[PDB]
Structure formats: C-alpha cells, structure tokens
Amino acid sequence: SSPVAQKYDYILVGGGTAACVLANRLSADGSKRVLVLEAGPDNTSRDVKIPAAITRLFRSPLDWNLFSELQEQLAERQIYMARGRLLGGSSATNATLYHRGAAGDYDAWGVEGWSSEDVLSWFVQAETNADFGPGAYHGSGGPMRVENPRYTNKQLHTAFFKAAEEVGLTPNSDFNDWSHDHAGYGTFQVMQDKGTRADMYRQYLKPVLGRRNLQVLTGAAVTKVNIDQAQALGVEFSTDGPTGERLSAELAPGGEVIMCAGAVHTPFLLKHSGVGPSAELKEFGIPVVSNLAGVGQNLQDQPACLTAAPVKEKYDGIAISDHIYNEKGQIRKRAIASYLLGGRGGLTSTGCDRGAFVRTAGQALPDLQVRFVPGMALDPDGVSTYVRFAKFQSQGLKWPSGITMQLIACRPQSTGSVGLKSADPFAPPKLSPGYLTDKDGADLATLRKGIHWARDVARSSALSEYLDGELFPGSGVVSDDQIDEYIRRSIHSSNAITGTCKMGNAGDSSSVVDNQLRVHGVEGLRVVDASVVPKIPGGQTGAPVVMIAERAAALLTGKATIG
C-alpha cells in the first residue's frame, strides 16, 4: 500500500552503510526510480549522533540483538554480535574508526578488477579528510568526513605511545597510507564531523532525501526476493512486522534488485529466497533456484580479548571515564559544554581510537591490532563493559580509573557461517562466528601472543609509572594454557563480519557473486555490502564497504567499468 502499481528500476534491500551510498548515486539522475526498504526506524536518535553514546546502542532497540549459536570452542557460550538496526545500518552504531587495511589485503583477493591499484581511487574519491591534505592517498571533495579524534587523554595516550616505543614499535603516521608498512603505533582517524558521528545516513542519504525518484521506506522488513523461473522480479515485505500484511514491490523492465542487508542478513534473505546450498534449503522446504554452496559460508569476523589495569591512586581521575562521569555517575556538565560548544572532549570519543598493528611472528602483514582505551574495563568482554558503562549512569558509584588494551586478530584464519534455523523469515538466523577454529590455531596464537605483548607494554617504564597491577586476566593467569582458557571465556567481536556472499573469478565454484557483484545464475540480482568481501582487510571494515558501494554505483551507471 506504499508501492501501489509502481515499478522500480532498483530495489535496495536494507538501508544500511552501502545502501546509503547506492541510493545517493543511483538516484542522482532522475530516470531511475529507487526504492529503499529498511527494517529499522529512521535515523534520529541523539545516541546515534554523540560518539560516546555508542555505549547505549549495544543491546538496544537500534540493534538486532543477534546471538550466535552455542560455541563449543568458546567454553560453550553464545556470542553477542552487534548489528545496527536503522537507516544507515552499522555505520550509525559503530566505533567510527577509519581503516582501509593494507594494499596486500586487496591484492590477496585474487579477483580480476579488484586489485589494490583498482580500489585506491574509490577510497579517495569518497573521502574528505580534515587532517591530511589531498594526495594519492587522501581526498578533499568526497562525501565522507574523516578527522583525527578531537579528544586526547594528555597523560594516558602519551604514556601508551611511549610504551609502544619502549618495547620496540615504530610510529605509523597514517595507517591508510599504502606507501609504508601497515604496522606501527599511532592514532586512528575517525568517521566524524567535528565530533558528531558522520555515518552514511548523514553523509549520503540525508542530503538527497528530497529527490522525487527516491522512496525510502523504514519499518519495512523484507521476507524474500521474488525470483520467477531465473530472474528476480521484486521483494516481499511488511510495514508492521511478523504480524502484518505481506506487501510486494514490483520491478520495472530492466530493474535490478540489490541486496544491502549486510553480511548477516543478505545471505539469510538469499536462502529464504531459494539462493543457497540445496541440502540446507530442502530441510525447510524452499525451492532451489540457484544452488551455490558459498551462500552463508566464509563468514570472517575479527575476534578480540583484552587486558585491563587500574592507575595508581596518585593518578585517580585522569581516565576517560572521569571525563564523562562524575564520582556519582552523572554526566559532567563540563563534558557536555565542551561537546556542544566546541565539538571537543570525552563525548567525541568511542574510546578505542589509538592503537597499533603488530606482527606477532613475522607474518607478511600484521596479524594483531591493538586498541588502547584510557578507561578501565570491568568485564573481560569489552562489549559488555560498554553496555555496563551505559547502565552505570547516575547509579551513585565512581567508575574506577584505569586502562584497557583490546587485542584483535585482525586478519584471522578462522571462518564461520550464516544459516536458517526456522522457516519464519522473521526468526533470528543460525549464526556461528567460528572464532578459534582454524586448523593451525593461528588465531588463538595471535591472541595469546597479544596478551604477552600487552603485558610487556604494561610493564614498560612509561606505563608502569601509571599502573598498579592488572585486573584482567590478572595475576592468576600465568601459563599459556591459562591464557588460552581466559581467551576462550572472554573472546568477543570487534564487530566486522564480511565474506558470506563472496566474489570471485569465473570458475570459482566457491564464490557467490562475480567481479561485477551479480549473483551467479540469477537475473537482475546483485549484492553490494560487506558480504562480497573475499578476504577481510586488516582493520575495521566500514570504509571498504563504502568503497565497494561507490564502485558498484559507478559501474551500474556506466561511469566506470571493471576488468
């Protein structure tokens, strides 16, 4: 009753990160009617705009609240996997860190037309950077806003860089400069606009919300993709939810459906639509249109553990939690003033924007990413500590001053999978991260060596001046076996998730889309989101998604070609 006798040249399944990019570029003429279905609500929450409010988005109504299956290798735990639920998707709920990884990450893709030389100009075209001048590696006319963090913890951040130098790291002045080595310590740039989150809704969708040929339905949960027998013809959805009407949106001649539901929901909606491994589809009675085995396989996510330690009493009050909460847990008006009046202060921080890439054992590229947080974790699950920090407000307690180092296997070898658990297209998918399952135990070894690394850093002269012992994992965790166990019981997502409908060369019986993002053996069906990533780059994945999305968009409108 919203697409009534209307036909669309492009239907966008999901209004997330890549979705926002595509709607902008494809609607930019006027001949193409574009439809954007988003299951979550509109992007208006003040928790979304303030970076420090990321603490409130986890396990909120703006999150899918996805929980993984039992992981037997993780002490029989279910792993919470944050995913954004609103216009702009995860770019509106994320830590705002801006990373491209290394050039070799894209060369390792092996896919024709998507080498590092091919992708570079698209990163740059999308970017306006407040702190690097225009060059081969940075842009100034682009829709993204990228800036150095506008919060510095004068004492703890400098101690961290002194400690990294003391144990033998060198600085990296730009982790996204492919002209030098990825490894090193420094400051991560952030996808922010003078301290306001610069998510893809704000940067791409919101400016073009006036075009008459662009229709953006929120509260619109898609259930399947109409594939008449093979050629897609539209989608089915519901504006109320599981207890609503089954609306249908038709496509114009030549109209294409583009999946933008993310690496969790795109392979899931594809399986409900008959695109998947037949054995899995038969088990729920779904007709097989395309029998591609890679739909849902190859899920890559970057697991994390942490160390945490308090400052000496002589340094009580210098952590970021002391810049946000007062001793009774209410937000300090000084922090509120600095944010609103100047875009400065603790409120501009997602907390984990300084760090390092380290090779734990002479790998071709760093296997370890370090995120230093000048606040003290109180749960070894770093996501849980963020949730706990939100609910700590006004509770009348003083959050203790300290530091945390989060350790991330950033180029992991373990792969996971996404599947069906019900025939209910509104049921949660069958989600298995598969952390620590690679046959060599390289991911466990990366994280275990990360713990040793962080302890050496904590023991340096520069940090030992500030620190007073260690809370996590603590004095009791001494042997490699104990470290390994501590990791199994605390490991959490650094929140990537890529690879579940991967792209590849013709004759890749393992891939799902071709180097032009069309799914094999279906007409008018393309995937443009984090699913198509064949091998996760080092670092956080939001920026490469935007790059894939800009490049797709230009390909569809004949501005560029691939191969």
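Numbers for residues come from their place in the sequence shown, where the first is 1. Only the largest set of C-alpha atoms that superpose within 1.5 Å between the two forms is called the rigid core.
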{"item": "Greater Cα displacement in 6 other deposited structures of this protein once the core is superposed, comparing 192-200 with 241-249", "value": "241-249"}
{"item": "Residues of the deposited sequence left unbuilt between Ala230 and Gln229", "value": "4 to 9"}
{"item": "Entry-level comparison of average CA B-factors, 537-545 and 7-15, reporting the higher stretch", "value": "7-15"}
{"item": "Stretch with the higher entry mean CA B-factor, where the candidates are 171-179 and 105-113", "value": "105-113"}
{"item": "Residue with maximal Cα B-factor (values as given in the PDB entry) among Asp443, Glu72, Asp484, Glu127", "value": "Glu72"}
{"item": "Given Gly262, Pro425, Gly351, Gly343, the residue at which the Cα B factor reaches its maximum", "value": "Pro425"}
{"item": "Entry-reported Cα temperature factor of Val48, expressed as the chain third it lands in", "value": "middle"}
{"item": "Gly135 CA temperature factor, ranked by third within the chain", "value": "lowest"}
{"item": "Cα B factor band for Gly355 (lowest, middle or highest third within the chain)", "value": "lowest"}
{"item": "Chain-wide C-alpha B factor ranking for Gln203, given as lowest, middle or highest third", "value": "middle"}
{"item": "Third of the chain's Cα B-factor distribution that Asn515 belongs to, per the entry", "value": "highest"}
